[PDB]
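Below you will find one chain, with nothing else, as structure tokens; this is the form deposited in one PDB entry, and questions on how it binds or moves follow later.
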């Protein structure tokens, strides 16, 4: 008989994370010949990121996807991935290998288990970049005294302050108005979300700072997973792994298209010099020692090992 598995997530139609979960649904159906069906509830149809991951943890929902910074609200260990410049785009393929098949992946499995969850896909969300409405930013010093919108992430706030910026936490929904009306000067996010949300209408400058990395973590209730037949577990695990291959590639392509939409809209996108990138790394590194006591050294080391 048919197994119906509900999957909740916060992302909008056509979004890189959404299309990965569509691939997941398609592969689960193919592999199970229709016996297992993923029912998608995107765009917060079942709740916010937090509401749906609590339901998955508790066992009233089978699967949910949460951003890595939002997972820090269930377990602080996930904060390792938010540290400034802990990873960079140049080493992304080795990061994926470590998560997919390596000791990093296994430790993350254990951490999820301790809060009632089984990881199924580590969806790529991307690297955040600083953008501004009116003030040109081409250098590290250009960032000093910028009023910048932040999320509620303590690491995001610390990074802004380390760079001499003035951080203001503002909900996503209030951020367009804050930029338009001038209560902040800028923000930091992926080019794809900024363009998709039409913030580009009010922006004029961007730098490829890549000062924050994140993922969207698709989790299954672990007790539920452990209740399934071996062959169904295998279907889910394999569909996840294969959908992720596609999702990581689609993310790259959508980010290129987002960056082109920026240029088309007259936004000046500065490619930081090695000298200027180095200053952002150096200025932000004290943030790691500030949060040292809250993130396990072993986990920092496993992530750094992917970068060299």
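Numbering follows the first chain given and starts at 1. The term rigid core refers to the maximal set of C-alpha atoms that superpose within 1.5 Å between the two forms.
There is another form of the same protein, the form deposited in another entry; it is not shown, and what comes next is about it.
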| query | finding |
| --- | --- |
| Core-superposed comparison between the shown form and the other one - Cα displaced by 2 angstroms or more, from 99, 206, 79, 112 | 206 |
| Core superposition between the shown form and the other one, C-alpha change of residue 217 at least 2 Å | no |
| Per-residue C-alpha change between the shown form and the other one, residue 133, threshold 2 Å, rigid core fit | yes |
| Flag for residue 38, CA shift 2 Å or larger between the shown form and the other one after aligning core | no |
